[PDB]
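Now for the letters of each chain:
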Amino acid sequence: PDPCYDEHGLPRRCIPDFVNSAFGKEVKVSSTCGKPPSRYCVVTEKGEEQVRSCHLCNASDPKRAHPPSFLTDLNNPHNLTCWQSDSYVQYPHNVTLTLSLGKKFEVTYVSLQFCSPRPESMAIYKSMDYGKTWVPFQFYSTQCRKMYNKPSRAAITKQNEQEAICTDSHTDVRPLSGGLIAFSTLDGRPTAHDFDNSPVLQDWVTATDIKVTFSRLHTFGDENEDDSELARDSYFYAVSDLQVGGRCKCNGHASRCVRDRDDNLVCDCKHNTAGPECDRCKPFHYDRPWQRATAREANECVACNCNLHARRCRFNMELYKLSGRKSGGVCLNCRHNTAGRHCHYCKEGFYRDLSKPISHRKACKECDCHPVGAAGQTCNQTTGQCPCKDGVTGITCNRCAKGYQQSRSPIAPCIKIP
Amino acid sequence: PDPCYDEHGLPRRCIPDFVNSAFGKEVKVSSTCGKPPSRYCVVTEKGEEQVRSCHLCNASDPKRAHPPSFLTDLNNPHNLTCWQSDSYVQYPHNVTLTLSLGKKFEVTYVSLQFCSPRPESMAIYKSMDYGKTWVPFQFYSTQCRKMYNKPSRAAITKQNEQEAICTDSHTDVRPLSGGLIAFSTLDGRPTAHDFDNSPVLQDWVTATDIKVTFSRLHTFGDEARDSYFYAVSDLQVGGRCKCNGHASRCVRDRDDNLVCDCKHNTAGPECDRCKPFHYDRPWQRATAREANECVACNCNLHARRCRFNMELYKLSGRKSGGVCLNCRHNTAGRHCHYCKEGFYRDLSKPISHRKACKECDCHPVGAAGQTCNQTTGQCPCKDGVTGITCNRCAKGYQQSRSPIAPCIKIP
Ligand SMILES: O=S(=O)(O)OC[C@H]1O[C@@](COS(=O)(=O)O)(O[C@H]2O[C@H](COS(=O)(=O)O)[C@@H](OS(=O)(=O)O)[C@H](OS(=O)(=O)O)[C@H]2OS(=O)(=O)O)[C@@H](OS(=O)(=O)O)[C@@H]1OS(=O)(=O)O
Ligand SMILES: *[C@@H]1O[C@H](CO)[C@@H](O[C@@H]2O[C@H](CO)[C@@H](O[C@@H]3O[C@H](CO)[C@@H](O)[C@H](O)[C@@H]3O)[C@H](O)[C@H]2NC(C)=O)[C@H](O)[C@H]1NC(C)=O
Ligand SMILES: *[C@@H]1O[C@H](CO)[C@@H](O[C@@H]2O[C@H](CO)[C@@H](O)[C@H](O)[C@H]2NC(C)=O)[C@H](O)[C@H]1NC(C)=O
Ligand SMILES: *[C@@H]1O[C@H](CO)[C@@H](O[C@@H]2O[C@H](CO)[C@@H](O)[C@H](O)[C@H]2NC(C)=O)[C@H](O)[C@H]1NC(C)=O
Ligand SMILES: *[C@@H]1O[C@H](CO)[C@@H](O[C@@H]2O[C@H](CO)[C@@H](O)[C@H](O)[C@H]2NC(C)=O)[C@H](O)[C@H]1NC(C)=O
Ligand SMILES: *[C@@H]1O[C@H](CO)[C@@H](O[C@@H]2O[C@H](CO)[C@@H](O)[C@H](O)[C@H]2NC(C)=O)[C@H](O)[C@H]1NC(C)=O
Ligand SMILES: *[C@@H]1O[C@H](CO)[C@@H](O[C@@H]2O[C@H](CO)[C@@H](O)[C@H](O)[C@H]2NC(C)=O)[C@H](O)[C@H]1NC(C)=O
Ligand SMILES: *[C@@H]1O[C@H](CO)[C@@H](O[C@@H]2O[C@H](CO)[C@@H](O)[C@H](O)[C@H]2NC(C)=O)[C@H](O)[C@H]1NC(C)=O
Ligand SMILES: *[C@@H]1O[C@H](CO)[C@@H](O[C@@H]2O[C@H](CO)[C@@H](O)[C@H](O)[C@H]2NC(C)=O)[C@H](O)[C@H]1NC(C)=O
Ligand SMILES: [Ca+2]
Ligand SMILES: [Ca+2]
Ligand SMILES: [Cl-]
Ligand code: NA
């Protein structure tokens with residue numbers, strides 16, 4: 001059926017599946033070996049000795065070429081997809097990785113599996129928009145204050161839950177190969193248990209781009225020396241899999257994200273909502289403002305009540321809060337000769353045809369006063385009583401009253417009688 | 001002071017004095033002795049013999065020149081001033097005397113004094129226009145059928161009271177000097193005792209000019225020295241100036257015309273119509289006990305023109321019938337008594353006041369329409385809005401901003 005609705009047809013909060021938003025995605029890096037072709041040294045241990053090896057990184061040979069595509073391809077522990085940068089991009093220089101998702105995702109984690117020694121200092125940034133503004137998100141480094149000007153392992157308080165935490169944890173050389181770095185956005189967040197009812201954390205987890213900056217790099221004594229190896233050296237960055245798990249952000253009003261008219265990813269919004277993340281909500285559904293989907297309530301925009309007359313409408317906060325936070329939408333351009341907040345009364349020049357229901361389109365008969373016996377041509381919108389002149393009476397003014405006699409005058413049709 | 005209104009100022013029927021409309025006025029003649037000066041001859045009597053004479057008539061000598069002026073001048077039984085015609089003007093020749101009065105009188109009598117012997121056949125005509133059409137008014141002759149083709153001494157039917165009658169009374173030669181012929185406009189006339197309620201007779205006596213035609217002259221003697229002429233001492237047409245009972249004097253106009261001092265809110269030459277805006281009741285001739293005045297229209301000081309509808313008058317019980325035209329001052333109705341659509345009666349001012357009808361000052365937010373009640377001025381309020389102009393929220397309703405929904409009900 002539809003996960004956004006129950007078996008009785010009422011709406012319930014729905015959420016897309018959890019996936020790696022980076023699988024198969026293209027990646028943009030500021031470094032990669034191949035142009036020109038160079039060598040790289042890899043130290044592999046065997047019992048106790050080490051003895052480093054040497055290999056060549058061929059830009060053309062698929063069998064010695066490390067393209068950024070290996071970051072988001074199918075990772076296989078028995079046969080890795082290593083991406084290697086250039087040679088000795090040491091501080092202050094830094095290799096940056098930028099991933100564009102083309103859709104607001106609620107990030108749950110960001111993991112980098114390095115087939116070489118993990119970085120001494122890396123930075124993980126996000127983008128709230130679609131690549132214009134970046135925001136700190138996690139930091140790793142042996143000298144937090146010295147390099148990222150962050151205090152080591154800051155205290156996370158409700159006063160500032162979006163703190164970018166720097167840590168000297170996970171920033172160790174060995175394992176010289178296959179080291180992980182996994183950043184969980186909700187770990188240690190004060191209000192992470194009450195996420196649906198914490199907007200600060202919803203903003204904290206939402207992002208459309210992920211930047212990864214590799215600031216410093218681990219080294220040993222081999223740096224100046226003399227045999228520094230001016231053509232390749234063995235210090236470098238290298239990651240075999242880059243994962244960024246999470247969910248497509250739909251504020252709980254979409255079971256799944258689909259492909260746009262222009263191939264862009266967007267929520268298949270339900271509950272009468274619209275917009276890429278089901279933030280706003282469909283036309284004519286503007287009674288009661290838009291809220292996020294919660295486990296307790298579905299909170300879908302409700303349509304305006306216009307007694308089946310007007311089509312457009314529009315939400316009003318004051319009317320909403322002044323009606324007990326129940327109805328705040330007013331109707332627009334009432335058709336069928338009506339008017340008012342809900343198209344509930346007939347406009348001047350017409351009256352309420354009570355014989356027919358207010359929802360009916362003929363619920364507003366015109367005035368139809370009498371050209372001779374009526375003093376005006378604008379009847380009572382409530383009763384349809386035309387203003388009768390002197391001797392004339394009725395609702396349409398087409399007859400004389402008691403003590404008054406009919407006449408052939410257009411001006412004085414009835415006249416009293418003594 | 002004015003006889004058209006009593007002490008209380010109530011209008012009572014009034015009439016101009018009874019005068020001789022001929023005195024002074026000039027008569028138009030056709031035959032006057034004097035042209036190539038000739039002579040005549042009057043004849044007297046001595047009991048048996050017919051002693052006659054013969055005198056001269058000059059066209060210049062004051063002491064011998066019988067002019068037409070001698071018909072309407074100061075007349076006295078002594079030193080009598082006589083008009084005379086050229087001698088020998090017997091059948092079928094005519095001697096006419098027209099008199100234009102200038103305005104419609106109600107002729108009462110037509111008198112003639114005859115220095116010569118009275119005529120054998122004479123006729124009195126009149127005009128109710130001004131010399132254009134001339135109708136027969138009385139005939140005098142011995143041979144009526146023969147000459148005027150009128151039945152001698154017929155009867156005045158109520159069906160034809162405007163009938164000229166020929167008669168042989170006053171047609172004798174009896175008085176050679178001083179013959180009187182007088183025509184009473186209402187002799188023989190059936191409804192004469194009810195003149196004041198007899199429109200036929202009122203039309204009959206109305207006349208603007210008068211023509212006396214002399215026809216056959218009495219050859220008296222039977223013996224040349226024929227000398228048979230017409231000679232009238234004084235012509236007296238006595239009557240009142242026709243003002244239909246709404247005037248006490250006739251006076252001279254802004255164009256120098258004899259007309260009526262039309263009172264009783266009437267207008268016109270003979271007070272035959274109502275004055276402007278005094279069209280509430282149909283015009284009638286003043287009666288003794290009635291005075292049928294012209295009554296103005298009550299447009300409560302809001303209209304300049306009035307028009308009369310007889311249908312309205314009759315269904316009104318013969319009361320009013322005047323419909324006002326162009327009700328100004330933002331009013332409408334027969335008598336400009338109610339405020340047209342978009343205005344309302346300000347009952348603080350009086351109906352006659354210019355600002356008796358104010359406008360609709362209906363709040364554009366609190367009102368569902370922009371038309372007052374006209375009687376109350378209240379204007380179509382919407383939902384939780386009260387006030388004549390829909391300017392305030394009601395009880396239990398709270399002000400907002402939204403013009404579509406000004407007031408909203410509280411918890
Ligand atoms: O209807 S018109 O606009 O064409 O006016 C026609 C002429 O009437 C005058 C006065 O004429 S006068 O007798 O020679 O003094 O103005 C008057 O017209 C109407 C009422 O008379 S009506 O003929 O029944 O229409 C009034 O206007 S309204 O209230 O009906 O809207 C005038 O009042 S006002 O001047 O608008 O204040 C009324 O004049 S008043 O009330 O006596 O003061 C002439 O106007 S005038 O210039 O004051 O003399 C009109 O001729 S004109 O071309 O406007 O001059
Ligand atoms: C190495 O690390 C830094 C930060 O992690 C990466 O961002 C670079 O940082 C510097 C400032 O430290 C930026 O310099 C600025 O450039 C603009 C001109 O566009 C100028 O207006 C500023 O006054 C300032 O000088 C620098 O722009 C920024 N690098 C880029 C490409 O924007 C840096 O990218 C890392 N190195 C590499 C190769 O990625
Ligand atoms: C590995 O790299 C070498 C060169 O760095 C490639 O050998 C030749 O490279 C030149 C370009 O500089 C080409 O013009 C030749 O065609 C290459 N020789 C060939 C294709 O036989 C070498 O091709 C690369 N490995 C593979 C599989 O192509
Ligand atoms: C791991 O991948 C390598 C190569 O990607 C496999 O060795 C073969 O290498 C040649 C290169 O010319 C490829 O054409 C072959 O496709 C590779 N063999 C196979 C079965 O794919 C190596 O076998 C792979 N090891 C495992 C356990 O899958
Ligand atoms: C009849 O008509 C004229 C007007 O009177 C007379 O002419 C008069 O002739 C006398 C004789 O010389 C003159 O003295 C007068 O000048 C004329 N009269 C006037 C008034 O001017 C004519 O004679 C008259 N016949 C008689 C008898 O009076
Ligand atoms: C009639 O008016 C005339 C106007 O002149 C007058 O005629 C005079 O009559 C008397 C005798 O009656 C004579 O003595 C005179 O000669 C006439 N001439 C004048 C100049 O007076 C007179 O006033 C009146 N005549 C009569 C009879 O009353
Ligand atoms: C007799 O009076 C008759 C009419 O009563 C006169 O005849 C009319 O005279 C006027 C002249 O002003 C003409 O306009 C009319 O056309 C005449 N009537 C007809 C029917 O022709 C007449 O002048 C008098 N007759 C005589 C002989 O003197
Ligand atoms: C305009 O106001 C008058 C008077 O207020 C209306 O006439 C009556 O008003 C009372 C209330 O004031 C009502 O209860 C009656 O129903 C009204 N009619 C009668 C016969 O009493 C008048 O109807 C109002 N104008 C319009 C268009 O309804
Ligand atoms: C249309 O009809 C209704 C009922 O007659 C009018 O509303 C009432 O009008 C009277 C006026 O005397 C008030 O006393 C009542 O308080 C009104 N009812 C309510 C619930 O307030 C209405 O005014 C009429 N429309 C117009 C323009 O007069
Ligand atoms: Ca991989
Ligand atoms: Ca005289
Ligand atoms: Cl007749
Ligand atoms: Na080295």
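Conventions and cut-offs
Residues numbered from 1 in each chain as written, not as in the entry; some residues may be left out. Chains lettered and ligands numbered in written order. Heavy atoms only, no water. Residues with missing side-chain atoms left out of burial classes, pairs and counts. Donors = N, O, S within 2.8 Å, 3.2 Å for Na, K, Ca; no water. Buried < 20%, exposed > 50% of the residue type's maximum accessible area, 1.4 Å probe, protein only. Core = buried A, V, L, I, M, F, W, Y, C linked by side-chain atoms within 4.5 Å. Helix = DSSP H or I, 4+ residues; strand = E, 2+ residues; numbered from the N terminus. Contact = heavy atoms within 4.5 Å. Disulfide = S-S within 2.5 Å. UniProt positions renumbered as here; feature names shortened; annotations may be inferred. Near = heavy atom within 4 Å. Polar contact = N/O pair within 3.5 Å; in protein donor to acceptor, adjacent residues only side chain to side chain. Areas by Shrake-Rupley, 256 points an atom, 1.4 Å probe, with all protein chains shown as cover. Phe/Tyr/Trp six-rings, centres within 6.5 Å; stacked < 30°, edge-to-face > 60°. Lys NZ or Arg CZ within 6 Å of the ring centre and 35° of its normal.

For this coordinate set, the PDB header names X-ray crystallography as the determination method and states a resolution of 3.2100 Å.

Caption draft 1: Seen up close, the coordination of the sodium ion (ligand 13). All names here are of chain A. Every protein donor of the sodium ion (ligand 13) is accounted for by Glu-229 (OE) and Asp-233 (OD), and the metal-donor separations fall at 2.2 to 2.8 Å. On the accessibility criterion, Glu-229 (30% relative accessible area) is partly exposed. A relative accessible area of 9% places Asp-233 in the buried class.

Caption draft 2: Expanded view of the nonpolar core. In this structure, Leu-112, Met-122 and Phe-214 of chain A are the most contacted members of the largest nonpolar core, which totals 41 residues. Of all the secondary structure elements, the ones that give two or more residues to this core are β6 (95–107), β7 (109–113), β8 (121–127), β9 (134–141), α2 (199–205) and β12 (206–216) of chain A. Not counting residues within four places of it along the chain, the set of residues in contact with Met-122 of chain A comprises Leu-112, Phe-114, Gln-138, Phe-139, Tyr-140, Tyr-148, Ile-181, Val-212, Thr-213, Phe-214 and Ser-215 of chain A. With 38 residues, the next largest nonpolar core counts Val-27, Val-107, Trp-204 and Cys-243 of chain B among its residues.

Caption draft 3: Just the UniProt feature "disulfide bond" in chain B, in detail. Residue and element names in this part refer to chain B. In this structure the UniProt-annotated cystine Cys-297-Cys-306 is intact, with an S-S distance of 2.0 Å. Residue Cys-306 is classed as buried on the basis of its relative accessible area of 7%. At 2.0 Å, the distance between the sulfur atoms of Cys-339 and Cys-357 falls under 2.5 Å, matching the disulfide given in UniProt. One end of the pair, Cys-339, is in strand β19 (residues 338–339); the other, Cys-357, is in strand β21 (residues 357–359), and 18 residues separate them in sequence. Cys-357 carries the same exposure label as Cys-339, and that label is buried.

Caption draft 4: Spotlight on the site of ligand 7. All names here are of chain B. As a matter of local geometry, ligand 7 sits amid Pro-92, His-93 and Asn-94. Contact between ligand 7 and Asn-94: an oxygen atom at 2.5 Å from a side-chain N or O atom of the residue. If ligand 7 stood free it would expose 610 Å²; the protein chains cover 23% of that surface.

Caption draft 5: Up close: the packing of aromatic side chains. All names here are of chain A. The tally for this structure, following the rule as stated, stands at 19 aromatic pairs over all chains. An angle of 50 degrees between the planes, with centres 4.8 Å apart, marks the rings of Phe-137 and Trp-204 as tilted. On the criterion of sequence distance, the pair formed by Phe-137 in strand β9 and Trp-204 in helix α2 is long-range, its members being 67 residues apart. Taking the relative accessible area as the measure of exposure, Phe-137 reaches 0% and is therefore buried. Given the relative accessible area of 1%, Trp-204 is considered buried. Each member of the aromatic cluster is reached from another via a ring pair, and the members are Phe-114, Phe-214 and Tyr-237. Its end group placed over the ring of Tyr-91, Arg-216 keeps NZ or CZ at 5.7 Å from the ring centre.

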